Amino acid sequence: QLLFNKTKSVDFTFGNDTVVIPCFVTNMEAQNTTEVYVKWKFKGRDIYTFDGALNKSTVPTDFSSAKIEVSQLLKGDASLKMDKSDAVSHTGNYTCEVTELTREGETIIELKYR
């Protein structure tokens, strides 16, 4: 039941020192980040998870720079941030997957190069 302000795709160029993949939930109603789980999937594999209950983040090796702004989760913002290297090496469709206790939802954004 988590709804999203969907975005078809976002472009980037080599001038982007930091690449941001947007993901925004409108009906988020969590009062504490311990009730929130966030999973970014790229081509089927989880490339970033944030376990709100444990306050820990997991990334694979090729996504060393993947991170999100945890303090913006309660505002419904689970945007994924990475550097230019991880971006150029990972172009395609990402899946933002947000969980809030029983509620959940996902949206798809394509990371394209100009």
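The numbering used is simple: start at 1 and walk along the sequence shown.
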I need to verify one thing: averaged over C-alpha atoms only, is the B-factor higher for 22-30 or for 80-88? 22-30
Please compare 9-17 with 91-99 and say which has the higher mean C-alpha temperature factor in the record. 9-17
By the record's CA B-factor, is residue 68 among the lowest, middle or highest third of residues in the chain? middle
Cα B factor band for residue 75 (lowest, middle or highest third within the chain): highest
